[PDB]
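**Q**
Numbering (the authors' numbering), first residue to last: 1 to 173.
(1) Looking at the unbroken beta strand (DSSP E) that takes in residue 169, where does it start and where does it end?
(2) Among 25, 13, 17, 107, which one has its Cα closest to the Cα of residue 153?
(3) Nearest CA to the CA of residue 42: which residue from 28, 33, 35, 32?
(4) Should residue 138 be labelled buried (16 or more other beta-carbon atoms within 10 Å of its own) or exposed?
(5) Would you please state the rounded distance, in angstroms, between the beta carbons of residue 167 and residue 2? I believe it to be under 8 Å.
(6) Roughly how many whole angstroms lie between the Cα atoms of residue 46 and residue 124?
(7) Decide if the segment 81-89 is in contact with the segment 43-63; the criterion is three or more beta carbon pairs, one per stretch, under 8 Å apart.
(8) What are the start and end residues of the beta strand (DSSP E) that includes residue 22?
(9) What did DSSP end up calling residue 108 once you bin it into helix, strand or coil?
(10) Pick out whichever of 106, 5, 23, 39 has its Cα sitting closest to the Cα of residue 95.
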């Protein structure tokens, strides 16, 4: 029931809020320990040409790989003019207000479309265990997870459609 109610100390983001980028790369916009309100806007590009829209899948957590991240929700902005990967500029704004409600707005600068979703910190999104897990795991594999992001490099992307493919055979490395 948390929208005009409280939870103990929602001043800072308990985990980093961001998106998944194609490949299982977690792109962080609002970091943990960052005191809200905080609105972060970045212009992302979709890694696909002839796209009909973009999908913004919101993930929370500290991992480099989105599989250890919490899925908050997603919204599909459909009806974007089919064009090359980086022709439509989609500015994805994570606007987290003081109540900890994450409003993710995606604004497409090419045609001028905009779509936003209201993701509130209300559900058993994380348990107290989950929060500590994601924090601890990223700290635990502090070298590995940062190298993941750095070796993959491909982040700050948007997907036109949910690819939903990993194909983890021998996983990765």
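For each residue, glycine too, the CB sits at the ideal point set by N, CA and C.
**A** According to the structure data:
(1) Taken as a continuous stretch (DSSP letters only), residue 169 belongs to no beta strand (DSSP E), as it is neither H nor E.
(2) Selected option, being the one with the closest Cα: 25.
(3) The alpha carbon of residue 42 has as its nearest neighbour, out of 28, 33, 35, 32, the alpha carbon of 28.
(4) buried
(5) At roughly 38 Å, the Cβ-Cβ gap does not stay under 8 Å, so residue 167 and residue 2 are not in contact.
(6) 31 Å
(7) yes
(8) Careful: residue 22 lies outside any beta strand (DSSP E) and carries neither H nor E.
(9) Residue 108 falls in the strand class under three-state DSSP.
(10) 39
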